[PDB]
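Encoded as structure tokens, the following chain is the form deposited in one PDB entry, with no partner shown.
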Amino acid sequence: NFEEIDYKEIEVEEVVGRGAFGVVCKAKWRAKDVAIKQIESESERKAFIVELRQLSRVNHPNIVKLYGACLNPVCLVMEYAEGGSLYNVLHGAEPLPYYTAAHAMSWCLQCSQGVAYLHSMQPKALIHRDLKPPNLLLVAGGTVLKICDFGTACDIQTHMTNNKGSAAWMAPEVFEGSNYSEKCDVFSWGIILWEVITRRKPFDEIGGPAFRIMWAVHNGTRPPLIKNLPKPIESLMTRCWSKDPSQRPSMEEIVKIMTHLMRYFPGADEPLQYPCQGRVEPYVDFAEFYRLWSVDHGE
């Protein structure tokens, strides 16, 4: 039951916490713990209010619950779920969990399953618009991934002006024209796949303010190829990055390809438990994938 909430019913706890600072706050409403995401500019408010119905229909195991929305001030009220942002699991403070290729592929598959649900909704698709590890949450000992924030429709001017911190994942057609489409979420997904496999921050070698990243990828820069990555994976990855959005897979294609490939990645249900000690080397290890692949096909 998605509701139209009165802001008076909200008691805000702290502005500092796990979510996007200055957009997302942890608060309480009714008796429940919630996350309040304020919708900032007028362009974003217009696009957000129009799609409240679709949001009220969202229900999926890889998306946090959405309790409702407020219309003054415009904001989305969602479930505050316990866990760690995928960003901090990957790149956070130095005592970090160890994870395997199976986990990497399982997280990306789950991401695609939630986004495919979004894209397939009828009559009108819901486009996520801002897929990135800060907006994904790991729960159940790091084995289940959930989308915990939704993107907004930002005007062209704003990309170089109000760093929302999405530059490394932003499709070039979003930078130049704010052409949010299914293919923009697919581009972000391809970047995230590179990021979890290498455990590296995309476009980290580009200093300057955030917008230098968006100019780099708009000029065609991409993350480096990954040493010894399975060619089915590399093909999916680089097709996702394409400048031409039509040359990019759909989210349903991605779900099916990745579901297939999970047969070569057993053990994704093992909880995270241990700490851990040109082209780029992968963080994860594909040796088991190659062995299992040959068991299926020979050399």
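We call the rigid core the largest set of C-alpha positions that still match within 1.5 Å between the two forms. Residue numbers here begin at 1 and follow the sequence given.
This next part talks about the form deposited with a small molecule bound, which is not shown.
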Check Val64, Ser85 and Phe150: does every one of them have a heavy atom within 4.5 Å of the small molecule in the deposited complex? yes
Please determine whether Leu96 contacts the small molecule in the deposited complex, using a 4.5 Å cut-off between heavy atoms. no
Contact with the small molecule in the deposited complex for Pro202, defined as at least one heavy atom pair within 4.5 Å: yes or no? no
I'd like to know if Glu176 sits close to the small molecule in the deposited complex, meaning any non-hydrogen atom pair within 4.5 angstroms. no
Heavy atom of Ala140 within 4.5 Å of the small molecule in the deposited complex: no
Only one of these stretches, 223-231, 204-212, 103-111, 72-80, has heavy atoms within 4.5 Å of the small molecule in the deposited complex; which one is it? 72-80
Answer among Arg239, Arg263, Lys243, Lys46 for the CA shift between the shown form and the other one that reaches 2 Å or more, rigid core superposed: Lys46
Taking the rigid core as the frame, does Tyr117 move its C-alpha by 2 Å or more between the shown form and the other one? no
Superposing on the rigid core, does the Cα of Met78 end up 2 Å or more away between the shown form and the other one? yes
Superposing on the rigid core, do we see a C-alpha displacement of 2 Å or more at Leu272 between the shown form and the other one? no
Based on a C-alpha change of 3 angstroms or more, tell me if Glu14 and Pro97 lie closer or farther in the deposited complex than in the shown form. closer
At a change of 3 Å or more, would you call the C-alpha separation of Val115 and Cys75 in the deposited complex closer or farther than in the form supplied? farther
